[PDB]
Amino acid sequence: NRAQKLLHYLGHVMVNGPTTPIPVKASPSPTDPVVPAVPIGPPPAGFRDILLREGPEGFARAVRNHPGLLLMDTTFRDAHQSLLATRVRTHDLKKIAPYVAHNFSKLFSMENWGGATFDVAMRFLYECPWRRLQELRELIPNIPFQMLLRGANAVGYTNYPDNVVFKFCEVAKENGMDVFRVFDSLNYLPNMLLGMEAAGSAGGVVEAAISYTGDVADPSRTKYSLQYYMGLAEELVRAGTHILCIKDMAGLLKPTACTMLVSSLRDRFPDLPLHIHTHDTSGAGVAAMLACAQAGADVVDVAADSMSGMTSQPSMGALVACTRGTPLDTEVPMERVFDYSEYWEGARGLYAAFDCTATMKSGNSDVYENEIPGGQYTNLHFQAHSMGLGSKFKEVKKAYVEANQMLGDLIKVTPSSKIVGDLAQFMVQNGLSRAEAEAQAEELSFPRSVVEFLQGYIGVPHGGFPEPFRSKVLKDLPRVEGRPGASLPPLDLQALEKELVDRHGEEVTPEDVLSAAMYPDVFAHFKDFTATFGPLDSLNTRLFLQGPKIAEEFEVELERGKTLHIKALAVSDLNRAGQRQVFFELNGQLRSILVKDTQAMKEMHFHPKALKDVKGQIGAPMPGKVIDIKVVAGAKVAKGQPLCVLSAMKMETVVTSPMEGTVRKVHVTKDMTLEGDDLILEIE
Amino acid sequence: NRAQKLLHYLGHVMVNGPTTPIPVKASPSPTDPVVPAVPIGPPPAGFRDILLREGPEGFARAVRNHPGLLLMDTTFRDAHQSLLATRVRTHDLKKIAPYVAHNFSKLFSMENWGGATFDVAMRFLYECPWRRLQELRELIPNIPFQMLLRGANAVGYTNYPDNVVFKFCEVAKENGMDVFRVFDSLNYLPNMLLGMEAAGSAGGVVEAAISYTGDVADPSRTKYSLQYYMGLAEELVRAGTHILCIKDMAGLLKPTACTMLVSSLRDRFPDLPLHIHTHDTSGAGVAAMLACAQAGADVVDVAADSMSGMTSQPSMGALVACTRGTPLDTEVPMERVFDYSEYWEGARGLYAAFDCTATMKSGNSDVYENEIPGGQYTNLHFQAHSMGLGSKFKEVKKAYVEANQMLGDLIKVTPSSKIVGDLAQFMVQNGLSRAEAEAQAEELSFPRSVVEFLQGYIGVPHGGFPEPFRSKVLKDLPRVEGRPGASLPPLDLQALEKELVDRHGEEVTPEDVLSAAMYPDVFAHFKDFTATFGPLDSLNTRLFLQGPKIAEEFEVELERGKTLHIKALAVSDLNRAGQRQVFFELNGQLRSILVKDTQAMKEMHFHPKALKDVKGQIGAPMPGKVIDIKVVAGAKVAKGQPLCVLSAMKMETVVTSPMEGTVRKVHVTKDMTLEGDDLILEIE
Amino acid sequence: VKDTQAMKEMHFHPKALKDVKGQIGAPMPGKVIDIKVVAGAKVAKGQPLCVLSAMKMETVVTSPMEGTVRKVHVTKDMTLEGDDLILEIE
Ligand SMILES: *C(=O)CCCC[C@@H]1SC[C@@H]2NC(=O)N[C@@H]21
Ligand SMILES: *C(=O)CCCC[C@@H]1SC[C@@H]2NC(=O)N[C@@H]21
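Description of the structure in this document. (Residues numbered from 1 in each chain as written, not as in the entry; some residues may be left out. Chains lettered and ligands numbered in written order. Part of a larger assembly, values for the part shown. Heavy atoms only, no water.)

1. Thoughts on the overall build of chain A
Step number 1: Each helix and strand counted, chain A has 25 helices and 19 strands in total.
Step number 2: With the C-alpha coordinates of chain A rotated into their principal frame, the extents come out at 110 × 70 × 50 Å.
Step number 3: Here chain A, with 684 residues, has 51% of them falling under the buried criterion.
Step number 4: Approximately 31,400 Å² of chain A is accessible, and the part contributed by carbon and sulfur atoms is 60%.
Step number 5: Here chain A carries 69 positive and 82 negative side-chain charges, and the mean point of each set is 5 Å from the other. (Helix = DSSP H or I, 4+ residues; strand = E, 2+ residues; numbered from the N terminus. Buried < 20%, exposed > 50% of the residue type's maximum accessible area, 1.4 Å probe, protein only. Areas by Shrake-Rupley, 256 points an atom, 1.4 Å probe, with all protein chains shown as cover. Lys, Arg positive; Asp, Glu negative; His and termini not counted. Charge placed at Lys NZ, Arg CZ, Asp CG, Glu CD.)

2. Re the site of ligand 1
Step number 1: Around ligand 1, a shell composed of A116, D119, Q376, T414, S417 and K418 of chain A together with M55 and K56 of chain C is seen.
Step number 2: Each of chains A and C places residues near ligand 1.
Step number 3: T414 of chain A places a polar main-chain atom, nitrogen or oxygen, 3.0 Å from an oxygen atom of ligand 1.
Step number 4: Measuring from an oxygen atom of ligand 1, one finds a side-chain N or O atom of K418 of chain A at 3.0 Å.
Step number 5: Summarising the interface, the protein chains cover 82% of the accessible area of ligand 1, which totals 390 Å² for the free molecule.
Step number 6: Take the shell around ligand 1: its biggest share by element is three residues, from helix α17 (residues 414-430) of chain A.
Step number 7: Grouping the amino acids of the shell around ligand 1 by side-chain chemistry returns two nonpolar, three polar and three charged. (Near = heavy atom within 4 Å. Polar contact = N/O pair within 3.5 Å; in protein donor to acceptor, adjacent residues only side chain to side chain. Nonpolar A, V, L, I, M, F, W, Y, C, P; charged D, E, K, R; others polar.)

3. Observations concerning the state of the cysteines
Residues and elements named next belong to chain A.
Step number 1: Across all of its chains, the model carries two disulfides over all chains by this definition.
Step number 2: What pairs with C258 in a disulfide is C292, and their sulfur atoms sit 2.0 Å apart. Here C292 lies in helix α12 (residues 285-295) and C258 lies in helix α11 (residues 255-266), a separation of 34 residues in the sequence. Residue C258 shares its accessibility class with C292, and that shared class is buried.
Step number 3: Here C169 stays free of any disulfide, with the sulfur of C245 as its closest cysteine sulfur at 17 Å.
Step number 4: For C169, a relative accessible area of 8% gives the class buried. (Disulfide = S-S within 2.5 Å.)

4. Some points on the packing of aromatic side chains
All names here are of chain A.
Step number 1: Within the structure shown, the criterion is met by 45 aromatic pairs over all chains.
Step number 2: Judged by centre distance (5.8 Å) and plane angle (85°), the rings of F354 and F382 are edge-to-face. Highlighted residues: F354 in the loop between α14 (334-350) and α15 (377-387) and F382 in helix α15, separated in sequence by 28 residues.
Step number 3: Relative to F393, the ring of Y377 has its centre 5.4 Å away and its plane inclined at 70°; by these criteria the two rings are edge-to-face. Pair noted here: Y377 is in helix α15 and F393 is in helix α16 (residues 393-406), with a separation of 16 residues, a long-range link. Of the two residues, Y377 and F393, neither departs from the other in class, the shared state being buried. (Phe/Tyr/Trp six-rings, centres within 6.5 Å; stacked < 30°, edge-to-face > 60°.)

5. So, the relation of the copies chain A and chain B
Step number 1: Its rotation angle being 179°, the transformation that places chain A on chain B also includes 0.6 Å of axial translation and leaves an RMSD of 1.2 Å. Between the two chains, the operation in question is that of a two-fold axis. Using C-alpha coordinates, one finds that chain A approaches the rotation axis most closely at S572 of chain A, a distance of 3.8 Å.
Step number 2: Most of the interface of chain A is mirrored in chain B: 80% of its interface residues are interface residues there too. (Least-squares fit on C-alpha atoms. Contact = heavy atoms within 4.5 Å.)

6. Quick look at the packing of helix α11 (residues 255-268) of chain B against helix α12 (residues 285-295) of chain B
Residues and elements named next belong to chain B.
Step number 1: Contact geometry for α11 and α12: axes closest at 8 Å, N-to-C directions at 25°. Between α11 and α12, the angle is such that the two are roughly parallel. Crossing angle aside, the handedness with which α11 passes α12 is right-handed. Only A287, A288, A291, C292 and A295 of α12 make contact with α11, whose side of the interface consists of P255, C258, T259 and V262.
Step number 2: Taken together, the residues of the contact of α11 with α12 break down into eight nonpolar, one polar and no charged. (Axes fitted to C-alpha atoms, helices over the stretch in contact; angles between N-to-C directions. Parallel < 35°, antiparallel > 145°, perpendicular 65-115°, else oblique. Left-handed = near helix turned anticlockwise from the far one by under 90°.)

7. Section: the sheet that holds strand β13 (residues 617-619) of chain A
Residues and elements named next belong to chain A.
Step number 1: A sheet is described by the order of its strands in space; here four strands give the open sequence β13-β19-β18-β15, paired in antiparallel fashion. Looking at strand neighbours, the two that pair on one side only are β13 and β15 (636-637), the edges of this open sheet.
Step number 2: Two strands pair when backbone bridges link them, and strand β18 (residues 661-666) and strand β19 (residues 679-683) are joined in this way by two bridges, in the antiparallel orientation. Bridged to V663 within β19 is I683. (Pairing = 2+ DSSP bridges.)

8. Side note on the interface of chain A and chain B
By a frequent convention, interface size equals the accessible area lost on bringing the separate parts together.
Step number 1: Counting residues at the interface gives five residues for chain A and five residues for chain B.
Step number 2: Regarding the contact of chain A and chain B, the summed buried area is about 410 Å², with carbon and sulfur atoms giving 83% of it.
Step number 3: Viewed at the interface, chain B and chain A are joined by zero salt bridges.
Step number 4: Linking chain A to chain B there are zero residue pairs in polar contact.
Step number 5: When its residues are assigned to classes, the side of chain A that touches chain B shows three nonpolar, two polar and no charged. (Buried area = accessible area lost by both parts, 1.4 Å probe. Salt bridge = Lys/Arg side-chain N within 4 Å of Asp/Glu carboxyl O.)

9. Digging into the environment of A439 of chain B
Step number 1: On the secondary structure map, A439 of chain B appears in helix α19 (residues 434-439).
Step number 2: When the C-alpha positions of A439 of chain B and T117 of chain B are compared, they lie 39 Å apart, and in sequence the two are 322 residues distant.

10. Points about the pattern of salt bridges
Residues and elements named next belong to chain B.
Step number 1: The tally for this structure, following the rule as stated, stands at 52 salt bridges over all chains.
Step number 2: The partner of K94 in a salt bridge is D537, with the nearest N and O atoms 3.0 Å apart. Residue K94 is found in the loop between α4 (78-83) and α5 (97-103), and its partner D537 is found in the loop between α25 (520-533) and α26 (541-545); the two are separated by 443 residues along the sequence.
Step number 3: The shortest N-O distance in the salt bridge between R580 and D573 comes to 2.7 Å.

11. A word on unusual backbone geometry
Step number 1: In this structure, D671 of chain A is a non-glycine residue whose phi angle is positive, near 60°.
Step number 2: With respect to the secondary-structure elements, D671 of chain A resides in the loop between β18 and β19.
Step number 3: What makes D671 of chain A partly exposed here is its relative accessible area of 37%.
Step number 4: The phi dihedral of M310 of chain B falls on the positive side, at around 55°, and the residue is not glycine.
Step number 5: Relative to the elements of secondary structure, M310 of chain B occurs in the loop between β9 (299-302) and α13 (316-322).

12. Some details on the site of ligand 2
All names here are of chain B.
Step number 1: In the vicinity of ligand 2, the contacting residues are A116, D119, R123, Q376, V413, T414, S417 and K418.
Step number 2: At 3.4 Å from a nitrogen atom of ligand 2 is found a main-chain nitrogen or oxygen belonging to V413.
Step number 3: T414 is positioned with one of its backbone polar atoms (N or O) 2.8 Å from an oxygen atom of ligand 2.
Step number 4: For ligand 2, the accessible surface in isolation is 390 Å², of which the surrounding protein chains cover 78%.
Step number 5: The residue inventory of the shell around ligand 2, partitioned by class, reads two nonpolar, three polar and three charged.

13. Examining the sheet that holds strand β16 (residues 636-637) of chain B
All names here are of chain B.
Step number 1: Within the open sheet, the four strands sit side by side as β14-β21-β19-β16. Their pairing is antiparallel. This sheet does not close on itself; its edge strands, each paired only once, are β14 (617-618) and β16.
Step number 2: Inspection of the sheet shows β16 paired to strand β19 (residues 661-666) by two bridges, in the antiparallel sense. Across the sheet, the residue bridging to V637 is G661, located in β19.

Structure, rendered in structure tokens:
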């Protein structure tokens, strides 16, 4: 019995408009993407059976001894985050999940879990990550899944207590999550050791990712030399990981740097599998990927053709065709590739409301001097749009270079990238250059994020903080060193459950408790809106965004037990009250409800009205202009004396003092239109 | 049920316009007239008791014996056509009847029904005359009413069968009717004889009327001399009646003329009650009326103050005030006159959409040169407007005099007035002069009514009529001689009862049968229209003609206990075939109705499409502009022989005859861009 | 011809003046959350003044100088955009 709340949502969409902020105006494609047919038989068993049967190390050995190359479709997380603002719901994903299970059993592993998946499922979109994860894992019983995880902060942006992160990892593994990736913003050794230890405590296949920046083929700059990365890999390997992984956030891999680094690591690690992640922002990613594959790569990240290019991962087809005659022999059907690409482009056509292709058309070479992370460009563009700064977005990216170089050649990863982007925003809205910021570091009101980083909440940069700027900014601000996760006191996991179940909700589960501990207020708002509108996510994307149209019929699956349909009838009209009626016809009955519009009165005039109950109160006898008032406020007047004169074209009503006393205040000064019984002055 | 029909009517009124045509575009005023207060006790004793306890002769003697003056109110019949097109409903009428029946006892009689009363009560207004008359007798069991009748034609414009008129009068008298008027357009003595014979057969008060035209005080005016009128009056009085009357359809009585006339009449008949009827158009009506009422008159017609002036009768107020310090001593409390006038003034704005004021601003002179009947001018202007010649309406009345000379100086009230009007309509429509119209009147077709008059379906005029024009028009037509009514073959109506019954009659009353006998076409039309939408005259007049406005609640009655509470929300839009859905509110229920819009015509024609079932037919392969044609219609064609060339922008395709034979026709003009798959030509 | 039906007006919070160093303007456009100092109270150098939060950006306004506050132009619970006078120092 939530159809009432759902229709209230629909009517609120009809009147007040779509609720989620929209960066650019657009209209959804009326057409519906076509899903290809799927075989009746259960999906063929992929590599998940090995994990279910063999240990994580046994699985790693089986992959390593396998001849050929292993593939990852990263469309579900990295493309959505990068190309879009990853505002995709799970309905369309489920529409294709059986096809993927039935056809893509040769894939290495699947990425479905994001870092900002919680933020999008809470703040703007309204979904529970655990739920649709559960349905997807049901639909995919035979491909292992990979989730994104950071070093100290599990999904947050500040370092976090060890115990809560361990419990969260335990919960995720208990749910059925398969493969874990753990990394750090600056590759901070205590944080990465903590993450590796947490993943080992969870139990499963564990990898660590090395943040690659710059070019290792340039001997002029050895800020992070091949020796540096090699030693880093040395402590990672001695840490006992399953597989090493490499992530190219900005797609800055030359095939030369590819081959020399891959050889440099494979020579001393002959049985170590390889995982490669890159963003095809510059359009030359495919060459580097092919060079790595020739050089001894094992697993790589690559996106569907329709969702490829631009800033996402490269395409299926390029690598598939390039290795047909090549002994690499990716050995995957092209028909499934075409079906996947066509379905994905059809689905993208629906999310045309905020495609960044209007802003940026094709990937440029402006990454080698800008180093914008591939995954956050559209999101930061939309952040600027919310800030209204989209007009100068061309200068916004111009500021990023110096925003980073304020703090030096840092490892610009998602937290650091966000901080640098915030710094660029601040100095571009203030419009001051490098010298103005550096000389006035104390003077400028930097956000709490600047002092947060300079304090050392995330960690310590390998190169170290900028001492003069940090001294100018922090000054009296405390500086906590060491591992902040070790520095941060542990926090309770129990009394918060009681507090939340007292405030709302009358059931106990650890999932919502840990979610609210990670993020209380957005959790509360999400619960508020869901309660006011019942279950969601059972609708179509077009229905979710723009709502039903006039005299069109559409079936709505309320839940699995029953499915009904609603017929939108008419918009009715604005009432004198802010409520508006809207007409709706469900399966066999007609109904209409009241919708509040955001146009409640315009509040003009409301001139003071003299009250006749108080005989001392004076009201204007006739409406018109005032030629003059013979009395100033706080002046004594006598009974029957002229004190004010009203004006019209034929009569001149001279005001008479109602009694003896002094005038408090003259509401009318001179020459304003008056009404009958208007407050002029009060006499006592 | 019944609600559905009226609800559909309301929806149709919302979607479409008012069914009745609108002469002048306006809206009813948002004001309800004030009903004056009424007592509770039974109505006082008027004159219905007197005629009840006496005979018509005894009652007439009692009236004559009264010292003073007795007044006739024509605000229920004549003021209608004088000021409006006689569009007043009955629902508004049944709101002062208790007041006047209580307040007005000295009043002589009231005229409600009239000649042009039923021809609208079913044709434009949709009501039953007998029904409304039945609903007033109980409201006023105090004061006699008065019927206006014509001699030969009972209600119609052509002489009706004598039995028909007799039985009609008998039924009318049986309806409880009290006073009757006998009249004829011409002075055709058999017409008045038949009318008075029918009135006496019915049994009751019989009054005949004499038309007035020209001047009696002008020696030059000789066609209708005093002695002519004296002979008419003496013949009628020898026929023997109850009360005499005089008609002034145009308001042409000077005081001296009517006072000398009254002196002549009262001299030789100093017992007979004397009655006058005039239409105040020249503006001097009140003066002559009062003068030659002080002379010898007994009864005076008079209209309400608000419904006075212009062309209607003079007012209550002037006559009451003047007859104050006089022996006549009207003796009527004028306060009730005041409230009556106030109610009528309030009621006038309801039908303000059509009125003579918009055209006829003030009372115009020169009526002597025009002699246009007062009760005809408004309808004439309306019919000219509906004709489309309302623009040149002044030129229409200009041509009216020439038509008068065409027919000579004759008395015209109902039939011949509109006959001259239609002849002038033809005159102005053809834009032709009088003299040559007289000349080439042989071949020129004339309206059917002119032919009827020239044949003599009405009777012989007093002065005859020109022969050569009648020979030029009638020519070879049979011509009626003698009395048309006697020459008319009497016909039975008993078969009409069964015809009505078995066609659509299951409750038809003899009144309805008589109505069908009068105007069968519009009778059946009104019957079917009422049967479609149910009974009318149960709602407000603005509610009837304008309909309820959106988003307001209103109440409607059905009977004493059946009264509803109705509200309307809004209207849907044209869904798929010009149909609307509208949403009403019952006392507590919500209703949805469908209305078929009439403003959707969407007439579009296309070049014939080649049908694939016919192999011989040839269709256009590509849309585009035709360059040249190689085969003419009805010419032999070879198999695969070029016949047409098409080229739109890029492609050029030459159409060839796919089969051997000869063509029948080509649908090509060589110079039109024709779409593909079109029936360009055919093959045998 | 000069039209008469054109009425143009200006209102809402004014803009902080750059030459007046005592005038303190809003650095970012956002919602007023809390005000650290009430009008008529001494303010130290580098002291929090107001908190602004719009989408994820948290900003605390520091005191440009050391001196008592005279008027709270920022008021409370009304959105203020960048470069709007929030506090004035004499
Ligand atoms: C709140 O919407 C701001 C969205 C931008 C931050 C998100 S968080 C995780 C991603 N990593 C990054 O740098 N921006 C993205
Ligand atoms: C059309 O609805 C009927 C009214 C117009 C004819 C009436 S009949 C009596 C009057 N005399 C005349 O010529 N027209 C008027």
